[PDB]
């Protein structure tokens, strides 16, 4: 059975997966995505280092391939990350002038979003903006533009494509008692109360064995910020226990504003942490017990 179909039958929008051109032309990835998943995200092809490796020199071939494949196969598309220190080329982080950085950031956002205007359901606009203690991470954007870079990014994104749902994303939001989780919720509440157009919080969910249960409490806390949507993104679980995966799915089901879940690849050998076999299909492209456990949960 298709986990995307089953999650839609439970009132959710999608079960998604990260992919890119050379996954779609190898292995069994295309067949599995066509049958079992409802939304695709670019694993790498929309990051800043992939799309604007030198100023104004945009590289869209990989992203274009993904968008076209998704449209021809009737899949939703997520995009990102527009503003993320981790995939930033050196030409950006060397800028020290506030006006120039504001305009470089705006141009990067606008160019990417305009190119795919109307085709992208979700954009991850700002990623990993928080330190573990809940303060704002001191990236080039914070240091040079100041704390208004987040309002600016979201206002710019809403203008570039008013159809898209605009998300902030972060990791280590998996426990309700962790300071980072409470910090992002209270900042998003205040931003939205001042009119910043943050439509969603996306939780980059990279779990160790046994950590799925904590998401059942963390995700309702993220939803308390009052955004229209929340999502689980980049999901993988070391060991791929059925218990951990089913707990994450049930957290999604329990939270009315949680629109769906995206797993960070199809098959274990193509994972960034392949030795932890953390995905739902094995190296032979066979569904693993965690896949079947999700199916059986969603049927009930």
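Numbering follows the first chain given and starts at 1.
Mean Cα B factor from the PDB record: higher for 103-111, or higher for 140-148? Mean B over CA atoms: larger for 140-148.
Once you work out the mean C-alpha B-factor for both 191-199 and 153-161 from the entry, which is higher? The entry gives the higher C-alpha B-factor average to 191-199.
In this PDB entry, which of 72, 175, 205, 208 has the top CA B-factor? Answer, based on the entry's C-alpha B-factors: 175.
Which third, lowest, middle or highest, does the C-alpha temperature factor of residue 77 belong to within its own chain? It falls in the bottom third of the chain.
When the deposited Cα B-factors of this chain's modelled residues are ordered and cut into thirds, is residue 17 in the lowest, the middle or the highest one? Its C-alpha B-factor belongs to the lowest third of this chain's values.
Pull the Cα B-factor of residue 10 out of the PDB entry and bin it into the chain's lowest, middle or highest third. Highest third, going by the recorded CA B-factors of the chain.
Ranked against its chain, the third holding the CA B-factor of residue 247: For residue 247, whose C-alpha B-factor we compare with every modelled residue in the chain, the answer is the middle third.
For residue 57, the third of its chain into which the C-alpha B factor falls: Its C-alpha B-factor, which the entry lists for residue 57, ranks in the middle third among residues of this chain.
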